[PDB]
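Following: one structure in structure tokens, then a few remarks.
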Amino acid sequence: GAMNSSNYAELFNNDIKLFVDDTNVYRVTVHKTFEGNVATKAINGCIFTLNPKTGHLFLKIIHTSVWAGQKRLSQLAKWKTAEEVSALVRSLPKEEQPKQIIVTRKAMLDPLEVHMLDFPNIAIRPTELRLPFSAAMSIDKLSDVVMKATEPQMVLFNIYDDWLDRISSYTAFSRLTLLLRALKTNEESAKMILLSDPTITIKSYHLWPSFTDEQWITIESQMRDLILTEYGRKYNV
Amino acid sequence: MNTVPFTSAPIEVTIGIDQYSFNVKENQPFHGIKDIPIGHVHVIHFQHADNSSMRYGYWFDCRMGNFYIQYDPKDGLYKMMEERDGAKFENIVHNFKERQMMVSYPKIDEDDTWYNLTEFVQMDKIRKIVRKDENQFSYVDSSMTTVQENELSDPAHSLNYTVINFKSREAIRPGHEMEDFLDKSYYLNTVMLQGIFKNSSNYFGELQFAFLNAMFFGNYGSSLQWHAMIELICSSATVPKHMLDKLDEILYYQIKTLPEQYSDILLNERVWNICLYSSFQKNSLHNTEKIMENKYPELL
């Protein structure tokens, strides 16, 4: 059934699993028309498909052309997500196929179950975790490849950079979720914290800066402070 | 007008005959049911006074043979049997009628209720759902599971309803996943009607049989089948106009007959709300919507 705080270590066991987050698939700007009505303009999106043990990110870029002449786009977006995850699974060798796919939003369960009927032994699960994967488009290199795309494209990343050389996948996932929660709560302040010292750069082949172990502890503290500083505003507590 | 004689009534029992029912006392001089209308299937059903558990009964059609009921003190139930000796049977029935030891099937002349509940139900189709080929009648009870309930355990004692599963390769064409899931017309018209049932009459017969087993025996698997066959039509954007008009009539009489006090266990809130208020057919079931809103406005 549902993935929660009680079964959290399951994410880092040796059973291949993927998280699927559809919150950036269908993206729009809302604007006024000449006549004073409201209209939407789609912008490029992405499916965020992540192996939390290895950091492998399958970023399927959703080009605005896939919406052309379609109706009920927020419904279609869930089905298009499930179609592309199903296509990704079928593209992987059998020994790389996931045993479980965890969807971040319950509305993805039926679309994905129906697209994966051919894979009765892949478990499709919801989660009670509130994961900040919507903030993926606050990672500059991911936002850049999505916005520049002129056609559908899959790009592969490691969202943990080289962290697994020094830390476990539990710790790497906790660092990623803290970074993304900070970027989601106050993007400007999080990016300031990540790039305030120009002597620490992002390698060409990385997403995040090349922090030493001691620098990651300082960064992680600064992100927790940012999250509590912001919470002390929202709720006036 | 046909007769189902009883050898005796050694145990106190509530006896159902179609939508009617009568109490018989332990060792009451009761010798059966006469004036049963020819042309319809019928069901004769039992609930013992001392163990209301296991409602059970027999579907039969008096055109197919001479049937009687005899209590079996070993198996502890009223059993239907066939008498192959026409002259013995005619002689038994004449004697019991002469002594007025039989209840009369109490049909009001104006009253089409039983026809309206069994319009598409055929004994030959019942005998394929309920497999006991050596008898011309069919035993059903409260506890019997469906082939579908068994997949998700004795195969000989199962209700072989047609398996309907909205999230199944049968229901969903590769490449039409969203289309087939949100509009079940493919599944209804090609797979079920053209493929398995051959025509709407057989589909309605099974739907009507499922409802009657749900209502008369509290058979849970039958209730699931009845709602699945309603939901499959209501969830299809493309249904022939004659089938929609007939379904409205079918459901109207079923809702009319349902005991008011069993609505809570016999009606699925989600299916009826979806069918009447959200589905493609939300505006196609005028008679059904009106009786449901007036009789069961709590469920909706």
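Residue numbers (our numbering), protein chains in the order written: chain A, 1 to 237; chain B, 1001 to 1300. Quick reminder that beta carbons are idealized off the backbone N, C-alpha and C, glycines included.
Close-in-space but distant-in-sequence residues of the same chain around residue i (CB under 6 Å, 5 per side omitted)
i: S189 of chain A; result: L226
i: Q1047 of chain B; result: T1014, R1055
i: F1280 of chain B; result: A1237
i: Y1262 of chain B; result: none
i: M223 of chain A; result: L178, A182
i: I16 of chain A; result: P98, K99
Per-residue DSSP class, three states only, for residue i
i: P1005 of chain B; result: strand
i: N1023 of chain B; result: strand
i: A39 of chain A; result: strand
i: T23 of chain A; result: coil
i: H1286 of chain B; result: helix
i: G1175 of chain B; result: coil
i: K203 of chain A; result: coil
i: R181 of chain A; result: helix
i: residue 251 of chain A; result: Here chain A covers residues 1 to 237 and nothing more, so residue 251 of chain A does not appear.
i: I62 of chain A; result: strand
i: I1015 of chain B; result: strand
i: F1120 of chain B; result: coil
i: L1182 of chain B; result: helix
i: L129 of chain A; result: coil
i: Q153 of chain A; result: strand
i: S1104 of chain B; result: strand
i: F1204 of chain B; result: helix
i: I167 of chain A; result: coil
i: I1291 of chain B; result: helix
i: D1141 of chain B; result: strand
i: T1190 of chain B; result: helix
i: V146 of chain A; result: helix
i: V1093 of chain B; result: helix
i: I1129 of chain B; result: helix
i: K1167 of chain B; result: coil
i: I139 of chain A; result: coil
i: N158 of chain A; result: strand
i: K191 of chain A; result: helix
i: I47 of chain A; result: strand
Whether residue i touches residue j by CB criterion (8 Å)
i: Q1208 of chain B; j: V1121 of chain B; result: yes
i: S134 of chain A; j: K184 of chain A; result: yes
i: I1033 of chain B; j: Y1105 of chain B; result: yes
i: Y26 of chain A; j: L73 of chain A; result: yes
i: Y1078 of chain B; j: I1069 of chain B; result: yes
i: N1160 of chain B; j: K1128 of chain B; result: yes
i: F173 of chain A; j: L11 of chain A; result: yes
i: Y1203 of chain B; j: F1137 of chain B; result: no
i: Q100 of chain A; j: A82 of chain A; result: no
i: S169 of chain A; j: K53 of chain A; result: yes
i: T1146 of chain B; j: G1221 of chain B; result: yes
i: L131 of chain A; j: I1172 of chain B; result: no
i: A149 of chain A; j: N44 of chain A; result: yes
i: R175 of chain A; j: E220 of chain A; result: yes
i: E1082 of chain B; j: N1066 of chain B; result: yes
i: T1113 of chain B; j: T1257 of chain B; result: yes
i: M1080 of chain B; j: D1035 of chain B; result: no
i: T218 of chain A; j: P209 of chain A; result: no
i: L207 of chain A; j: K106 of chain A; result: no
i: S1235 of chain B; j: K1282 of chain B; result: no
i: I1017 of chain B; j: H1042 of chain B; result: yes
i: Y1186 of chain B; j: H1176 of chain B; result: yes
i: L1232 of chain B; j: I1164 of chain B; result: yes
i: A1049 of chain B; j: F1030 of chain B; result: no
Beta-carbon separation (whole angstroms), residue i vs residue j, contact threshold 8 Å
i: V85 of chain A; j: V155 of chain A; result: The Cβ separation is near 16 Å, so there is no contact.
i: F58 of chain A; j: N24 of chain A; result: Not really, about 14 Å apart at Cβ, beyond 8 Å.
i: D1248 of chain B; j: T1288 of chain B; result: 5 Å
i: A1214 of chain B; j: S1223 of chain B; result: 4 Å
i: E1293 of chain B; j: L1300 of chain B; result: 7 Å
i: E151 of chain A; j: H63 of chain A; result: 6 Å
Cut-off 7 Å between Cβ atoms - residues of its own chain near residue i, not counting five sequence neighbours on either side
i: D1141 of chain B; result: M1054, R1055, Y1056, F1217
i: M1064 of chain B; result: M1123, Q1136
i: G55 of chain A; result: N158, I159, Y160, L164, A172
i: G1195 of chain B; result: none
Nonlocal neighbours in the same chain, by C-beta distance under 8 Å from residue i, ignoring five residues either side
i: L112 of chain A; result: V20, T81, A82, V85, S86, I101, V103, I124
i: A1210 of chain B; result: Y1161, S1222, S1223, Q1225, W1226, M1229
i: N1268 of chain B; result: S1223, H1227
Any C-beta of chain E under 8 Å from that of residue i
i: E84 of chain A; result: Absence of chain E from the displayed structure is noted, the protein chains being A and B.
### Task
Could I get the ranges of all uninterrupted beta strand (DSSP E) runs contained in the stretch 1027–1086 of chain B, with 3 residues as the minimum, in chain order?
1032–1036, 1042–1048, 1056–1060, 1066–1072, 1077–1083
### Query
Going along the chain, which unbroken runs of the alpha helix (DSSP H) with 4 or more residues stay wholly within the stretch 68–123 of chain A?
73–91, 109–115
### Task
For the stretch 1202–1261 of chain B, list the beta strand (DSSP E) runs that are entirely contained and at least 3 residues long, ordered along the chain.
none
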